[PDB]
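**Q** Just dropping in an experimental structure and the matching sequence.
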Amino acid sequence: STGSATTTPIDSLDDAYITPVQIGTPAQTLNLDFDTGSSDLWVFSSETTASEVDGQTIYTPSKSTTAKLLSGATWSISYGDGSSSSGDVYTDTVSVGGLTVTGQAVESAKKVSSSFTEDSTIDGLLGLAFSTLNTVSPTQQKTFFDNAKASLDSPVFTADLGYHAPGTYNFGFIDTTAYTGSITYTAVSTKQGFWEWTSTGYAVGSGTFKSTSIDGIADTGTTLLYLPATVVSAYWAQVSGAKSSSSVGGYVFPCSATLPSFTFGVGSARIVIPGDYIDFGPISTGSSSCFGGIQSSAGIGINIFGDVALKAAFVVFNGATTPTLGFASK
Ligand code: NA
């Protein structure tokens, strides 16, 4: 089997991407944030505290003939941005892009933090990191990908995120029409439960490539590219008037600037992030200070190849017995 679903930016900045997901019988379609940096499929629901729901579509298990309470199971998750959610668990039928899993754990939120309530466009998350990170207790649950894997034509999914445009998540196949040149594969460590890999270096603009190992995670649920402070300083030093602002919480730059590209290494291959991808617009409405899309990972404890980096590539998440990542230009 295979599945193929379109993923759409939630706003004009590509802050996140939503993908429609069918849950239950008859189908309830919710727009979920597919997150390769976490391992819970959780939704706004009929159980969510009413004051914490503001425009989201909810899952109502009582209206699904295939929903079953997973008795005694609870979940609670905290993300890198400080957001959180928690609740109880149902099993139900879940379909993505025509690919169906029966008996998927659907984590129903009883509580969500303010950042979730305030984002009316995101109805929940679908985690695509390794199932070792799943937070369900006392019986840990599998991701949608792990439950689908054995049925797929190939044990893979691909992320093809758009710049200010829709893109695609495919399950079970490589679309050889969706990228240019060849795919370069690189090793993955699953020791922290992430799609963790090592970039071979970077370049700023038309500058020389610096060969250096940068360990980090491929995380579709993170907006920006978070890299070591040395690398980030080298990038922003090429933008007149850019500075790190403790008040704003990262590097800012004059909205009048033209940003340089940023290149990262994947083995001997190179992915180029155009400068425009690194512009996250005014820090507040009408400001002439703009927020940068490359930020320091210092204090986060890991480097994160978030959407700024991933949307410059066609990315293969190879879930074979020995997982690997693949990157191609597009
Ligand atoms: Na922000």
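**A** It's in. Numbering: from 1, shown residues only.

**Q** Next up, the contacts around the residue nearest to the spatial centre of the chain.
**A** Nearest to the mean C-alpha position of the chain, counting by Cα atoms, centre = their mean, stands residue 220 at 1.8 Å. Contact partners of residue 220, counting by Cβ atoms under 8 Å, 6 or more residues apart in numbering, are 17, 34, 35, 36, 37, 128, 159, 161, 306, 307, 310. Bear in mind the C-beta positions are built from the backbone N, C-alpha and C, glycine included.

**Q** Take those residues and write them to a markdown table, including distance to residue 212 and neighbour count.
**A** Putting the contacts of residue 220 into a markdown table (distance: Cβ to Cβ, whole Å; neighbours: other Cβ atoms under 10 Å) gives the following:
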| residue | distance to residue 212 | neighbour count |
| --- | --- | --- |
| 17 | 30 | 27 |
| 34 | 30 | 25 |
| 35 | 28 | 21 |
| 36 | 24 | 27 |
| 37 | 23 | 24 |
| 128 | 28 | 27 |
| 159 | 25 | 23 |
| 161 | 25 | 24 |
| 306 | 20 | 24 |
| 307 | 23 | 26 |
| 310 | 20 | 23 |
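
**Q** Among the residues you listed, which one sits closest to residue 113?
**A** residue 35 (15.3 Å; Cβ to Cβ).

**Q** ok, so what distance separates the nearest residue to the closest one once chain neighbours are set aside from residue 176?
**A** Nearest in space to residue 35, with sequence neighbours left out and distances taken as Cβ to Cβ, 6 or more residues apart in numbering, is residue 221 at 3.0 Å. In this view, residue 221 and residue 176 are 27 Å apart by Cβ to Cβ, to the nearest Å.

**Q** Looking only at neighbour counts, state which of those two leads.
**A** Neighbour count, other Cβ atoms under 10 Å: between residue 221 and residue 176, residue 221 has more, with 23 against 9.

**Q** which SSE is that one in?
**A** In this structure, residue 221 sits in neither a helix nor a strand according to DSSP states H and E.

**Q** Show the backbone phi and psi for it.
**A** Taking degrees, to the nearest 10, you get phi -90, psi 0 for the backbone angles of residue 221.

**Q** wait, it sits on residue 40?
**A** No - if you go by Cβ atoms under 8 Å, residue 221 and residue 40 don't touch, sitting 11.0 Å apart.

**Q** what do those two both touch?
**A** With Cβ under 8 Å, 6+ apart applied, the overlap between the contact sets of residue 221 and residue 40 consists of residue 125.

**Q** Which segments of the chain make up each domain?
**A** Residue ranges for the structural domains of the chain, counted by curated CATH domains, are given in the record as 5-174, 175-330.

**Q** what about the residue nearest to residue 35, distance to residue 294?
**A** Taking Cβ to Cβ as the measure, residue 221 and residue 294 are separated by 18 Å.

**Q** And residue 263, by the same measure?
**A** Distance of residue 263 to residue 294, given as Cβ to Cβ: 12 Å.

**Q** the more surrounded of the two?
**A** In this comparison of residue 263 against residue 294, neighbours counted by other Cβ under 10 Å, the higher total goes to residue 294 at 24 against 19.

**Q** so the more buried one makes contact with residue 225?
**A** Yes - with contact taken as Cβ under 8 Å, residue 294 and residue 225 are classed as touching, separated by 4.9 Å.

**Q** shared neighbours, the two?
**A** Shared contacts of residue 294 and residue 225, counting by Cβ under 8 Å, 6+ apart, come down to 262, 278, 308.

**Q** ok, and the most crowded of those residues?
**A** When neighbours are counted by other Cβ under 10 Å, residue 262 leads the shared contacts of residue 294 and residue 225 with 28 neighbours.

**Q** Might you report the residue contacts of the residue lying closest to that one once chain neighbours are set aside?
**A** Nearest non-adjacent residue to residue 262, counting by Cβ to Cβ, 6+ apart: residue 273, 4.5 Å away. By Cβ under 8 Å, 6+ apart, the contact set of residue 273 is 225, 261, 262, 263, 264, 308, 309, 312.

**Q** what's the answer for residue 195, then?
**A** For residue 195, the contact set (Cβ under 8 Å, 6+ apart) comprises 36, 37, 129, 188, 217, 218, 219, 317, 323, 325.

**Q** So for it, what's the nearest residue that isn't a sequence neighbour?
**A** The shortest distance from residue 195 to any residue other than its chain neighbours is 4.4 Å, reached at residue 218 (Cβ to Cβ, 6+ apart).

**Q** can you pull the contacts of that neighbour?
**A** When contacts are counted by Cβ under 8 Å, 6+ apart, residue 218 is found next to 36, 194, 195, 197, 305, 310, 315, 317, 325.

**Q** swap in residue 203?
**A** Each residue near residue 203 by Cβ under 8 Å, 6+ apart is listed here: 209, 210, 262, 263, 270.

**Q** make it 7 Å
**A** Residues in contact with residue 203, defined by Cβ atoms under 7 Å, 6 or more residues apart in numbering, are 209, 210, 263.
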